[PDB]
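K.L.:
Could you have a look at this structure, given as structure tokens, before my questions?
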Amino acid sequence: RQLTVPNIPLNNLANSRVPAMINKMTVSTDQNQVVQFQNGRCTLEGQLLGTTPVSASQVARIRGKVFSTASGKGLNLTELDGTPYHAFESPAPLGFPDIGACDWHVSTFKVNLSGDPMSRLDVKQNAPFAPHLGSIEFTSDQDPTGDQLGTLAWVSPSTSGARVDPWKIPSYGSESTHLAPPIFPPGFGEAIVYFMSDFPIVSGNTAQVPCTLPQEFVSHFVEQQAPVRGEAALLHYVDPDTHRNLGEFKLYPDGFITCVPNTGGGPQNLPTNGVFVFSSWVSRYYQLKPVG
Amino acid sequence: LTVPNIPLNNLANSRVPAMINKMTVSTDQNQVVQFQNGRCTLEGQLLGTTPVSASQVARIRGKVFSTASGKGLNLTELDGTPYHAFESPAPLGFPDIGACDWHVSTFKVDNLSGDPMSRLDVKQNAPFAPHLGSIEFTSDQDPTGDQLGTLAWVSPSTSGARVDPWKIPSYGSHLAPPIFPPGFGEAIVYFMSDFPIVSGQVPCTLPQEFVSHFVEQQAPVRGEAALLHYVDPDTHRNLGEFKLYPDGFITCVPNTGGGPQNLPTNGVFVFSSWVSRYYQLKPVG
Ligand SMILES: CC(=O)N[C@@H]1[C@@H](O)[C@H](O[C@@H]2O[C@H](CO)[C@H](O)[C@H](O[C@H]3O[C@H](CO)[C@H](O)[C@H](O)[C@H]3NC(C)=O)[C@H]2O[C@@H]2O[C@@H](C)[C@@H](O)[C@@H](O)[C@@H]2O)[C@@H](CO)O[C@H]1O
Ligand SMILES: CC(=O)N[C@@H]1[C@@H](O)[C@H](O[C@@H]2O[C@H](CO)[C@H](O)[C@H](O[C@H]3O[C@H](CO)[C@H](O)[C@H](O)[C@H]3NC(C)=O)[C@H]2O[C@@H]2O[C@@H](C)[C@@H](O)[C@@H](O)[C@@H]2O)[C@@H](CO)O[C@H]1O
């Protein structure tokens, strides 16, 4: 099988961290910044890593059964289809959100509905946040019971003076959590390409969430199950009307994309209607032409 | 030609933001539907309001403006580019769950403070004019400016009534055409998802990833129908035969008293061959 990437323009691609559409590419202000996102992670051969699910509609979702303690309430987590979550070789159930170090606000419904079926579960990333072992605590102004299924609606700071940094991941343990490994900028002047989406972040530097692979790229790799035939895949980002090559990018086997950004610029200066196309297999050391 | 190499339970609904729970046929197997989302030809032509991504499904974006009785939205496309009242029934991705109230959770696309969410309560009555590019709402919050959001739940238009999610809206005073069962014992296959419906699952005719697959591929149609096998991914056994039509829907011949609702929900659809219109399917379920 021959490796391809989706024939879909950037703006029709979904974020792999939050339920939203991609609106631009960028590079990090610190081009040496290392990330360890647990969603949007998939090898070129189609191996899912971390908590990464297959579908865009599994991204940043939570399902579980409500339980009561002396102190309050929690969810005993299940997979999103309701099957049992077993602590094995994943940080959390598939699709579980990976926006670290902040409060989450998750809108859920009970899976004969009457009145208002929604509950907003407010979740702190403090001590009883133990998704790896299979439970989290929440508070809610509503009264959720039983089998609740929902989606991350918005995020806010853990404490009043603080901010939300969407570039961080949670601490899944309460303990080895089987995390997808860190991603380093791989040298040769290359910077990791991040795909950004608008998302309601309260007290963030911006209201945007980065990811390292568009969700449709993930499912494409899973479907295709293609053999890696080189150290990197050279891609062109192409204008779909003129077929002009707008810039060179490298797609690495571990499942992320790089470019060489022009000083003070980068892929954030490119049109957002282009399509990535596989060009050829290249050596790890292939030197890219600068973009932006 | 290929269809997505992905088990059914990892496929998304194309009419609501939810995962596929199961397949079924309609109780009345001659029932005609006209869904506006989840519609795409085999060659990759989007129809109705159907978008490419599962994260565009059943979403609304617009600018808040003042109406006679309160507030409304002047619609835009989901990416914030202007909506033109033209050939589509509405902005791409606009919900198509007809004849009911909608409850849509939105945020202001901006710096945020406090509670950034508004729930827009939308009735499909006189001012509901999505083709022209406007709808009205009531809300217990105070949304302003550029609001982007997703359908959260639905309820009855009036007290005592029931929600029928098999209906589509009236878009106002290029609708995707109806899907007719083709005859010969074949029944349209509907893909069902759990979704919060007060006083009622939501059906669709193509899982969303089938749509992006067709768009992505731009495959030539080389026969009158595509014969698909539904395969157990763990034993690799063929669990049943289905036909995929060029206009973009799927059929089976359901066994009497049964049907694809009796099949496991973790199987994978696989293209087998091109067949003629009247290729007779082995019954399933
Ligand atoms: C118990 C006590 O000493 N104080 C409680 C208040 O903190 C609760 O109201 C708080 O109002 C704050 C703003 O005026 C703030 O909204 C706070 O939580 C909110 O902000 C924090 C960070 O500062 C987080 O971002 C939260 O996610 C966010 N919650 C929202 C926006 O809904 C409010 O209290 C929060 O929720 C309570 C239950 C506790 O978990 C606090 O730690 C949270 O901060 C309110 C309690 O309901 O009044 C007092 O009880
Ligand atoms: C008493 C007062 O001061 N004002 C009255 C309003 O409260 C009434 O609003 C209705 O409140 C109901 C709850 O008691 C209910 O929420 C109703 O809508 C709900 O039920 C309808 C079907 O009957 C739909 O299913 C709605 O989706 C559902 N809404 C939910 C669950 O949130 C309310 O009426 C709706 O909202 C009002 C403002 C109007 O827009 C109606 O057309 C809507 O149906 C109000 C009802 O007419 O009467 C006031 O006097």
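Each chain in the structure tokens gets a letter, A, B and so on, in the order shown; residues start at 1 in every chain, and ligands are counted from 1 in the order they appear.
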How would you report the residues lying within 12 Å of ligand 2, as a PyMOL selection string, if you count only C-alpha atoms and all ligand atoms?
P.N.:
(chain A and resi 113-118) or (chain B and resi 69-71+99-104+119-126+136-140+152-163+196-200)
K.L.:
Could you list, as JSON, numbers by chain, the residues of chain A having an atom within 9 Å of chain B when counting only C-alpha atoms?
P.N.:
{"A": [6, 7, 8, 11, 12, 13, 14, 15, 19, 20, 21, 23, 53, 54, 55, 56, 57, 58, 80, 81, 107, 109, 110, 111, 112, 113, 114, 115, 116, 117, 118, 153, 154, 156, 198, 199, 200, 201, 202, 203, 204, 205, 206, 207, 216, 219, 220, 222, 223, 224]}
K.L.:
Can you pull out every residue within 12 Å of residue A:173, counting only C-alpha atoms, but drop anything in the same chain fewer than 5 positions away, and send it as a CSV table (one decimal) with N, CA, C and O atoms, in the first residue's frame?
P.N.:
```csv
chain,number,residue,atom,x,y,z
A,87,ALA,N,-8.3,-0.3,32.8
A,87,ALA,CA,-6.9,0.2,32.9
A,87,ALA,C,-5.9,-0.8,32.4
A,87,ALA,O,-5.7,-1.8,33.0
A,90,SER,N,-3.4,2.4,28.2
A,90,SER,CA,-3.8,3.7,27.8
A,90,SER,C,-4.0,4.7,29.0
A,90,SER,O,-4.3,4.2,30.1
A,91,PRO,N,-3.8,6.0,28.8
A,91,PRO,CA,-3.9,7.0,29.9
A,91,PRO,C,-5.3,7.1,30.4
A,91,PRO,O,-5.5,7.5,31.6
A,92,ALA,N,-6.3,6.8,29.6
A,92,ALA,CA,-7.7,7.1,29.9
A,92,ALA,C,-8.6,6.4,28.8
A,92,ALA,O,-8.1,5.9,27.9
A,125,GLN,N,-8.9,19.4,37.9
A,125,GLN,CA,-7.8,18.4,37.8
A,125,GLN,C,-6.9,18.4,39.1
A,125,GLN,O,-5.7,18.7,39.0
A,126,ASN,N,-7.6,18.1,40.2
A,126,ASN,CA,-6.9,17.9,41.5
A,126,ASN,C,-6.8,16.4,41.8
A,126,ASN,O,-6.8,15.6,41.0
A,127,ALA,N,-6.7,16.1,43.1
A,127,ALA,CA,-6.4,14.7,43.6
A,127,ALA,C,-7.4,13.6,43.1
A,127,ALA,O,-6.9,12.6,42.6
A,128,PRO,N,-8.7,13.8,43.1
A,128,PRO,CA,-9.5,12.6,42.7
A,128,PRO,C,-9.7,12.6,41.1
A,128,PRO,O,-10.5,11.8,40.7
A,129,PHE,N,-9.0,13.4,40.4
A,129,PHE,CA,-8.9,13.3,39.0
A,129,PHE,C,-8.0,12.1,38.7
A,129,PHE,O,-6.8,12.2,38.6
A,130,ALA,N,-8.6,10.9,38.5
A,130,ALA,CA,-7.9,9.7,38.3
A,130,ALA,C,-8.4,8.9,37.0
A,130,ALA,O,-8.7,7.7,37.2
A,131,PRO,N,-8.4,9.6,35.9
A,131,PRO,CA,-8.9,8.9,34.7
A,131,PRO,C,-8.2,7.6,34.3
A,131,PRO,O,-8.9,6.7,33.7
A,132,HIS,N,-6.9,7.5,34.6
A,132,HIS,CA,-6.2,6.2,34.3
A,132,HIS,C,-6.8,5.0,35.0
A,132,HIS,O,-6.9,3.9,34.5
A,133,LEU,N,-7.1,5.2,36.3
A,133,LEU,CA,-7.7,4.2,37.1
A,133,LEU,C,-9.2,4.1,36.9
A,133,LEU,O,-9.8,3.1,37.4
A,134,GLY,N,-9.8,5.1,36.3
A,134,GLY,CA,-11.1,5.0,35.8
A,134,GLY,C,-12.2,5.8,36.5
A,134,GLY,O,-13.4,5.5,36.3
A,135,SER,N,-11.9,6.8,37.2
A,135,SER,CA,-12.9,7.7,37.7
A,135,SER,C,-12.4,9.2,37.9
A,135,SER,O,-11.3,9.5,38.0
A,136,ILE,N,-13.4,10.1,37.8
A,136,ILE,CA,-13.2,11.5,38.1
A,136,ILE,C,-14.3,12.0,39.0
A,136,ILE,O,-15.4,11.4,39.0
A,178,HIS,N,1.1,5.2,30.6
A,178,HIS,CA,1.2,4.7,29.3
A,178,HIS,C,1.0,5.8,28.2
A,178,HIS,O,0.3,5.7,27.2
A,179,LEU,N,1.7,6.9,28.4
A,179,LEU,CA,1.5,8.1,27.6
A,179,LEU,C,2.1,7.9,26.2
A,179,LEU,O,3.1,7.3,26.1
```
K.L.:
Which residues are close to stretch 172-179 of chain B, i.e. within 10 Å by only C-alpha atoms, leaving aside same-chain residues fewer than 6 positions away? Reply as a PyMOL selection string.
P.N.:
chain B and resi 31-40+46-50+86-90+124-134+188+205+247-249
K.L.:
Please report as a tab-separated table every residue of chain A lying within 9 Å of ligand 1, along with the nearest atom pair and their distance in Å (one decimal), using only C-alpha atoms and all ligand atoms.
P.N.:
```
residue	atom	partner	partner_atom_place_in_ligand_line	distance
A:102	CA	ligand 1	25 (O)	7.5
A:103	CA	ligand 1	27 (O)	4.9
A:104	CA	ligand 1	27 (O)	6.7
A:105	CA	ligand 1	27 (O)	7.1
A:122	CA	ligand 1	27 (O)	6.7
A:123	CA	ligand 1	27 (O)	7.6
A:124	CA	ligand 1	27 (O)	7.4
A:138	CA	ligand 1	40 (O)	8.9
A:139	CA	ligand 1	38 (C)	6.7
A:140	CA	ligand 1	38 (C)	8.1
A:141	CA	ligand 1	47 (O)	8.5
A:155	CA	ligand 1	27 (O)	7.0
A:156	CA	ligand 1	25 (O)	4.0
A:157	CA	ligand 1	25 (O)	4.2
A:158	CA	ligand 1	22 (C)	5.3
A:159	CA	ligand 1	22 (C)	4.0
A:160	CA	ligand 1	23 (O)	2.9
A:161	CA	ligand 1	23 (O)	6.5
A:162	CA	ligand 1	22 (C)	7.2
A:163	CA	ligand 1	25 (O)	8.7
A:164	CA	ligand 1	25 (O)	8.9
A:202	CA	ligand 1	25 (O)	7.3
A:203	CA	ligand 1	25 (O)	8.3
```
K.L.:
Using backbone DSSP assignments, extract all strand (DSSP E) residues from stretch 50-89 of chain A; output them as a list in words.
P.N.:
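Listing strand (DSSP E) positions across stretch 50-89 of chain A yields residues 61, 62, 63, 64, 65, 66, 67, 68, 73, 74, 75, 76, 77 and 78 of chain A.
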K.L.:
With a distance cut-off of 7 Å and only C-alpha atoms, select the neighbouring residues of residue A:279, excluding the residue or stretch itself and same-chain residues fewer than 6 positions from it, and output the selection as a ChimeraX atom specification.
P.N.:
/A:234-236
K.L.:
Can those selected residues be exported to a file as a compact mmCIF listing (two decimals), in the first residue's frame so that it contains N, CA and C atoms?
P.N.:
```txt
# COMPACT_ATOMS: atom_id res chain seq x y z
N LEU A 234 8.03 13.63 2.23
CA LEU A 234 7.97 15.00 1.75
C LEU A 234 6.56 15.29 1.24
N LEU A 235 5.94 16.34 1.76
CA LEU A 235 4.63 16.77 1.29
C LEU A 235 4.75 18.13 0.62
N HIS A 236 3.86 18.39 -0.33
CA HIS A 236 3.63 19.74 -0.83
C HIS A 236 2.25 20.23 -0.35
```
K.L.:
Of the residues A:288, A:275, A:18, A:183, which is the one nearest to residue A:233, using only C-alpha atoms?
P.N.:
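Closest to residue A:233, using only C-alpha atoms: A:288.
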